[PDB]
>>> print(open('structure_10.txt').read())   # compact mmCIF, C-alpha atoms
# COMPACT_ATOMS: atom_id res chain seq x y z
CA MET A 1 18.40 53.15 -55.85
CA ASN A 2 17.08 56.36 -54.30
CA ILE A 3 18.20 59.86 -55.08
CA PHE A 4 19.09 60.20 -51.47
CA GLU A 5 21.62 57.35 -51.92
CA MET A 6 23.04 58.58 -55.11
CA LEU A 7 23.65 62.05 -53.50
CA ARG A 8 25.34 60.54 -50.47
CA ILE A 9 27.69 58.86 -52.89
CA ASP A 10 28.34 61.92 -54.95
CA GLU A 11 27.89 64.60 -52.40
CA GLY A 12 28.54 62.71 -49.19
CA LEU A 13 26.88 63.25 -45.77
CA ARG A 14 28.40 65.31 -42.90
CA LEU A 15 26.84 66.30 -39.57
CA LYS A 16 29.38 69.07 -38.88
CA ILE A 17 30.42 72.04 -41.09
CA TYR A 18 33.18 71.43 -43.67
CA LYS A 19 34.83 73.13 -46.67
CA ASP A 20 33.81 71.69 -49.99
CA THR A 21 35.57 71.15 -53.31
CA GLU A 22 36.09 74.94 -53.66
CA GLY A 23 36.54 75.33 -49.96
CA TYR A 24 32.99 76.52 -49.10
CA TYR A 25 31.43 75.78 -45.74
CA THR A 26 29.04 73.00 -46.26
CA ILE A 27 27.11 70.52 -44.23
CA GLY A 28 24.59 67.56 -44.63
CA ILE A 29 24.24 66.23 -48.23
CA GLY A 30 26.03 68.80 -50.50
CA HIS A 31 24.71 71.78 -48.55
CA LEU A 32 26.29 75.20 -49.25
CA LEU A 33 26.26 77.51 -46.27
CA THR A 34 28.42 80.38 -47.60
CA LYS A 35 31.12 81.35 -49.94
CA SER A 36 32.45 83.67 -47.31
CA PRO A 37 35.58 82.73 -45.31
CA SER A 38 34.11 82.91 -41.83
CA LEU A 39 33.37 79.73 -40.04
CA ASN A 40 31.36 82.02 -37.85
CA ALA A 41 29.34 83.15 -40.89
CA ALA A 42 28.75 79.44 -41.69
CA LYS A 43 27.35 78.57 -38.25
CA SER A 44 24.92 81.50 -38.33
CA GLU A 45 23.40 80.32 -41.68
CA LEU A 46 23.39 76.78 -40.30
CA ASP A 47 21.42 78.01 -37.34
CA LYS A 48 19.13 80.10 -39.35
CA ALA A 49 18.61 77.28 -41.77
CA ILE A 50 17.87 74.96 -38.80
CA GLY A 51 16.11 77.39 -36.59
CA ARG A 52 18.40 76.49 -33.68
CA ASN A 53 21.93 76.94 -32.17
CA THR A 54 23.77 73.94 -33.66
CA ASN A 55 27.23 75.34 -33.37
CA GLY A 56 27.77 73.69 -36.70
CA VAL A 57 26.38 70.39 -35.57
CA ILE A 58 23.32 68.88 -37.10
CA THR A 59 21.29 65.71 -36.60
CA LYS A 60 20.54 63.23 -39.35
CA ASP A 61 16.84 64.18 -39.13
CA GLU A 62 18.13 67.66 -39.66
CA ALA A 63 20.40 66.65 -42.44
CA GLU A 64 17.62 64.59 -44.05
CA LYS A 65 15.10 67.32 -43.95
CA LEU A 66 17.60 69.78 -45.37
CA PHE A 67 18.38 67.74 -48.44
CA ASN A 68 14.85 66.93 -49.21
CA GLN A 69 14.28 70.60 -49.22
CA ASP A 70 17.33 70.87 -51.50
CA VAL A 71 16.10 68.20 -53.82
CA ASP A 72 12.81 69.99 -53.91
CA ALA A 73 14.41 73.20 -55.36
CA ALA A 74 16.21 71.37 -58.17
CA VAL A 75 13.15 69.51 -59.14
CA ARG A 76 11.01 72.43 -59.41
CA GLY A 77 13.74 74.39 -61.14
CA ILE A 78 13.57 71.59 -63.63
CA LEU A 79 9.80 71.91 -63.74
CA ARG A 80 9.93 75.50 -64.50
CA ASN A 81 12.63 75.26 -67.19
CA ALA A 82 11.63 75.13 -70.80
CA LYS A 83 14.91 73.51 -71.70
CA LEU A 84 14.74 70.86 -69.01
CA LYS A 85 11.11 69.90 -68.53
CA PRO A 86 10.64 68.17 -71.85
CA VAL A 87 13.97 66.56 -71.47
CA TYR A 88 13.01 65.44 -68.00
CA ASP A 89 9.63 64.43 -68.94
CA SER A 90 11.15 62.32 -71.54
CA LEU A 91 13.51 60.30 -69.46
CA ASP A 92 13.26 56.90 -67.77
CA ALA A 93 13.28 56.71 -63.92
CA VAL A 94 17.06 56.50 -63.82
CA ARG A 95 18.26 59.11 -66.34
CA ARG A 96 15.87 61.63 -64.64
CA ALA A 97 17.92 60.94 -61.47
CA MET A 98 21.14 61.86 -63.18
CA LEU A 99 19.41 65.00 -64.39
CA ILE A 100 18.39 66.17 -61.14
CA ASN A 101 21.80 65.16 -59.89
CA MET A 102 23.27 67.49 -62.43
CA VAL A 103 21.03 70.35 -61.54
CA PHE A 104 21.57 69.67 -57.82
CA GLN A 105 25.25 70.38 -58.43
CA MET A 106 25.29 73.13 -61.05
CA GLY A 107 22.02 74.84 -61.15
CA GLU A 108 19.21 75.10 -63.61
CA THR A 109 20.86 77.64 -65.77
CA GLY A 110 24.26 76.10 -65.67
CA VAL A 111 22.69 72.84 -66.91
CA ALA A 112 20.35 74.12 -69.54
CA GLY A 113 23.39 75.63 -71.38
CA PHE A 114 23.98 72.22 -72.76
CA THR A 115 21.65 72.60 -75.81
CA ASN A 116 23.10 69.76 -77.78
CA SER A 117 23.41 67.21 -74.99
CA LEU A 118 19.93 67.85 -73.84
CA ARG A 119 18.56 67.52 -77.28
CA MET A 120 20.18 64.09 -77.76
CA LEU A 121 19.05 62.99 -74.44
CA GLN A 122 15.55 63.66 -75.79
CA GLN A 123 16.13 61.65 -78.92
CA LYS A 124 17.62 58.95 -76.81
CA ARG A 125 20.91 59.51 -78.43
CA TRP A 126 22.92 58.02 -75.55
CA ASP A 127 26.55 57.70 -76.63
CA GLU A 128 26.30 60.98 -78.46
CA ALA A 129 25.08 63.05 -75.57
CA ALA A 130 27.88 61.46 -73.48
CA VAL A 131 30.45 62.24 -76.07
CA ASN A 132 29.36 65.91 -75.86
CA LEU A 133 29.01 66.18 -72.00
CA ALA A 134 32.64 64.96 -71.79
CA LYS A 135 33.80 68.28 -73.51
CA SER A 136 32.45 70.36 -70.69
CA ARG A 137 34.38 72.15 -68.04
CA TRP A 138 32.09 70.40 -65.62
CA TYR A 139 33.55 67.07 -66.70
CA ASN A 140 36.99 68.47 -66.08
CA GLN A 141 35.78 69.81 -62.84
CA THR A 142 34.61 66.62 -61.26
CA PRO A 143 35.64 63.79 -63.52
CA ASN A 144 34.89 61.16 -60.97
CA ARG A 145 31.54 62.59 -60.46
CA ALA A 146 30.97 63.28 -64.09
CA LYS A 147 32.09 59.93 -65.08
CA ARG A 148 29.28 58.08 -63.13
CA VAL A 149 26.64 60.43 -64.46
CA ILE A 150 27.55 60.01 -68.14
CA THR A 151 28.03 56.33 -67.76
CA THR A 152 24.58 56.02 -66.43
CA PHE A 153 23.04 58.18 -69.08
CA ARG A 154 24.97 55.72 -71.16
CA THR A 155 23.50 52.65 -69.50
CA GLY A 156 20.06 53.53 -68.05
CA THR A 157 20.92 51.44 -64.84
CA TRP A 158 22.65 52.03 -61.49
CA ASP A 159 25.57 49.69 -62.25
CA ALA A 160 28.15 52.39 -61.97
CA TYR A 161 26.76 53.44 -58.63
CA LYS A 162 28.79 50.53 -57.32
>>> encode(input="structure_10.txt", output="structure tokens")
Amino acid sequence: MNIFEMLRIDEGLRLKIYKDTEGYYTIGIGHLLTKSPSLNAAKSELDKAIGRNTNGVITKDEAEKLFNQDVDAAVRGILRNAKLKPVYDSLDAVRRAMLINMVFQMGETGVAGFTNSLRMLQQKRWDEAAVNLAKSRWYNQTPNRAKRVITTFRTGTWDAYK
């Protein structure tokens, strides 16, 4: 599987503005519009982000393009990070997916704070990293989402993505 498909699973797809997990106006694949409590503020970012009056409504092609641009960010962020690059560079096709997944959801900084996990990942210390990642607030946060991630770092296959 594709990163696009894993993110639809974990993030979901949505052609019209909606509050996320925390209640933030979102759209497409895990797209944050604003923290602010103004649907009106959401639509205006939508539009700017689109370069058209969508009145919250986007079109797949729109969605698609968004995300890709979103994935792009994360990946570079990874590419610029001293803590992540080597870890990333080290992983197999699949575990690298989880990684960007992680950074797609929490940010570069938020993710690099995981010294220990990251190190094990590097050493290929699979059940150990997992043990550690399961102590995080982030695992408490989204346990359903954190569960698949860990599992897969555990496995090295997409098994859990079904």
>>> residues_around(input="structure_10.txt", residues="residue 49 (chain A)", least_positions_apart="4", cutoff="10 Å", atoms="all atoms listed in the file", output="JSON, numbers by chain")
{"A": [33, 43, 44, 45, 62, 66]}
>>> closest_atom_pairs(input="structure_10.txt", of="region 74-142 of chain A", to="region 5-28 of chain A", cutoff="12 Å", atoms="all atoms listed in the file", output="JSON lines")
{"residue": "A:94", "atom": "CA", "partner": "A:6", "partner_atom": "CA", "distance": 10.8}
{"residue": "A:97", "atom": "CA", "partner": "A:6", "partner_atom": "CA", "distance": 8.5}
{"residue": "A:98", "atom": "CA", "partner": "A:6", "partner_atom": "CA", "distance": 8.9}
{"residue": "A:99", "atom": "CA", "partner": "A:6", "partner_atom": "CA", "distance": 11.9}
{"residue": "A:100", "atom": "CA", "partner": "A:7", "partner_atom": "CA", "distance": 10.1}
{"residue": "A:101", "atom": "CA", "partner": "A:7", "partner_atom": "CA", "distance": 7.3}
{"residue": "A:102", "atom": "CA", "partner": "A:7", "partner_atom": "CA", "distance": 10.5}
{"residue": "A:103", "atom": "CA", "partner": "A:7", "partner_atom": "CA", "distance": 11.8}
{"residue": "A:104", "atom": "CA", "partner": "A:7", "partner_atom": "CA", "distance": 9.0}
{"residue": "A:105", "atom": "CA", "partner": "A:11", "partner_atom": "CA", "distance": 8.8}
{"residue": "A:141", "atom": "CA", "partner": "A:21", "partner_atom": "CA", "distance": 9.6}
{"residue": "A:142", "atom": "CA", "partner": "A:21", "partner_atom": "CA", "distance": 9.2}
>>> closest_residue(input="structure_10.txt", among="A:151, A:122, A:54, A:69", to="residue 87 (chain A)", atoms="all atoms listed in the file")
A:122
>>> atom_distance(input="structure_10.txt", atom1="CA of residue 161 (chain A)", atom2="CA of residue 58 (chain A)")
26.7 Å
>>> closest_residue(input="structure_10.txt", among="A:88, A:113, A:59, A:160", to="residue 136 (chain A)", atoms="all atoms listed in the file")
A:113
>>> atom_distance(input="structure_10.txt", atom1="CA of residue 95 (chain A)", atom2="CA of residue 153 (chain A)")
5.6 Å
>>> closest_residue(input="structure_10.txt", among="A:124, A:78, A:52, A:89", to="residue 112 (chain A)", atoms="all atoms listed in the file")
A:78
>>> residues_near_point(input="structure_10.txt", point="(19.9, 67.7, -47.7)", cutoff="7 Å", atoms="all atoms listed in the file", output="list in words")
residues 28, 29, 30, 31, 63, 64, 65, 66, 67, 68, 69 and 70 of chain A
>>> axis_aligned_box(input="structure_10.txt", around="region 31-43 of chain A", padding_each_side="6 Å", output="AutoDock Vina command-line options")
--center_x 30.1 --center_y 77.7 --center_z -43.9 --size_x 22.9 --size_y 23.9 --size_z 24.1
>>> atom_distance(input="structure_10.txt", atom1="CA of residue 155 (chain A)", atom2="CA of residue 120 (chain A)")
14.5 Å
>>> closest_residue(input="structure_10.txt", among="A:108, A:92, A:61, A:47", to="residue 76 (chain A)", atoms="all atoms listed in the file")
A:108
>>> residues_around(input="structure_10.txt", residues="residue 117 (chain A)", least_positions_apart="4", cutoff="10 Å", atoms="all atoms listed in the file", output="PyMOL selection string")
chain A and resi 111-113+121-123+125-126+128-133
>>> closest_residue(input="structure_10.txt", among="A:106, A:57, A:41, A:50", to="residue 77 (chain A)", atoms="all atoms listed in the file")
A:106
>>> closest_residue(input="structure_10.txt", among="A:146, A:110, A:154, A:36", to="residue 127 (chain A)", atoms="all atoms listed in the file")
A:154
>>> build_atoms(input="structure_10.txt", residues="region 88-112 of chain A", atoms="N, CA, C and O atoms", output="compact mmCIF listing (two decimals), keeping the file's coordinate frame")
# COMPACT_ATOMS: atom_id res chain seq x y z
N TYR A 88 13.19 66.20 -69.18
CA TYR A 88 13.01 65.44 -68.00
C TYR A 88 11.88 64.50 -68.09
O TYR A 88 11.88 63.39 -67.52
N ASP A 89 10.90 65.08 -68.75
CA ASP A 89 9.63 64.43 -68.94
C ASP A 89 9.82 63.26 -69.83
O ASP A 89 8.99 62.39 -69.87
N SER A 90 10.88 63.34 -70.60
CA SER A 90 11.15 62.32 -71.54
C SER A 90 11.88 61.16 -70.93
O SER A 90 11.69 60.03 -71.31
N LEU A 91 12.75 61.44 -69.99
CA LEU A 91 13.51 60.30 -69.46
C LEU A 91 12.85 59.17 -68.64
O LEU A 91 11.75 59.30 -68.07
N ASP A 92 13.59 58.04 -68.56
CA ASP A 92 13.26 56.90 -67.77
C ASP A 92 13.61 57.17 -66.31
O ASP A 92 14.39 58.03 -66.03
N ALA A 93 13.04 56.45 -65.34
CA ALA A 93 13.28 56.71 -63.92
C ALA A 93 14.69 57.11 -63.53
O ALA A 93 14.91 58.00 -62.70
N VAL A 94 15.64 56.38 -64.09
CA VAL A 94 17.06 56.50 -63.82
C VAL A 94 17.82 57.70 -64.38
O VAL A 94 18.57 58.34 -63.66
N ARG A 95 17.62 58.01 -65.65
CA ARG A 95 18.26 59.11 -66.34
C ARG A 95 17.78 60.42 -65.76
O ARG A 95 18.56 61.32 -65.72
N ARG A 96 16.51 60.48 -65.33
CA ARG A 96 15.87 61.63 -64.64
C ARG A 96 16.62 61.93 -63.31
O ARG A 96 16.87 63.07 -62.95
N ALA A 97 17.09 60.87 -62.66
CA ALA A 97 17.92 60.94 -61.47
C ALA A 97 19.25 61.67 -61.74
O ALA A 97 19.72 62.58 -61.06
N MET A 98 19.91 61.22 -62.77
CA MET A 98 21.14 61.86 -63.18
C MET A 98 20.91 63.32 -63.39
O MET A 98 21.64 64.13 -62.88
N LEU A 99 19.83 63.62 -64.13
CA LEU A 99 19.41 65.00 -64.39
C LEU A 99 19.24 65.81 -63.10
O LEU A 99 19.77 66.87 -62.85
N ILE A 100 18.44 65.34 -62.24
CA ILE A 100 18.39 66.17 -61.14
C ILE A 100 19.70 66.25 -60.45
O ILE A 100 19.97 67.25 -59.83
N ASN A 101 20.50 65.18 -60.53
CA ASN A 101 21.80 65.16 -59.89
C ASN A 101 22.56 66.34 -60.37
O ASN A 101 23.14 67.14 -59.60
N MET A 102 22.56 66.41 -61.71
CA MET A 102 23.27 67.49 -62.43
C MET A 102 22.84 68.90 -61.96
O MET A 102 23.66 69.79 -61.67
N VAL A 103 21.51 69.10 -61.94
CA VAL A 103 21.03 70.35 -61.54
C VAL A 103 21.23 70.62 -60.04
O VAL A 103 21.44 71.74 -59.59
N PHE A 104 21.30 69.56 -59.25
CA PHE A 104 21.57 69.67 -57.82
C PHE A 104 22.95 70.27 -57.52
O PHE A 104 23.14 70.94 -56.48
N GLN A 105 23.88 69.96 -58.47
CA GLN A 105 25.25 70.38 -58.43
C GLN A 105 25.60 71.66 -59.21
O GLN A 105 26.57 72.39 -58.90
N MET A 106 24.86 71.97 -60.26
CA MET A 106 25.29 73.13 -61.05
C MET A 106 24.26 74.21 -61.31
O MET A 106 24.53 75.30 -61.91
N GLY A 107 23.07 73.89 -60.90
CA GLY A 107 22.02 74.84 -61.15
C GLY A 107 21.30 74.62 -62.48
O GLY A 107 21.76 73.97 -63.41
N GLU A 108 20.10 75.16 -62.48
CA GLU A 108 19.21 75.10 -63.61
C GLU A 108 19.89 75.70 -64.85
O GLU A 108 20.07 75.07 -65.90
N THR A 109 20.29 76.93 -64.68
CA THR A 109 20.86 77.64 -65.77
C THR A 109 22.10 76.98 -66.24
O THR A 109 22.26 76.77 -67.45
N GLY A 110 23.00 76.70 -65.28
CA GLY A 110 24.26 76.10 -65.67
C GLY A 110 24.03 74.85 -66.55
O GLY A 110 24.80 74.54 -67.49
N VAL A 111 22.96 74.10 -66.21
CA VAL A 111 22.69 72.84 -66.91
C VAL A 111 21.98 73.06 -68.24
O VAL A 111 22.24 72.42 -69.22
N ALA A 112 21.05 73.95 -68.28
CA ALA A 112 20.35 74.12 -69.54
C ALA A 112 21.20 74.63 -70.69
O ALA A 112 20.70 74.69 -71.82
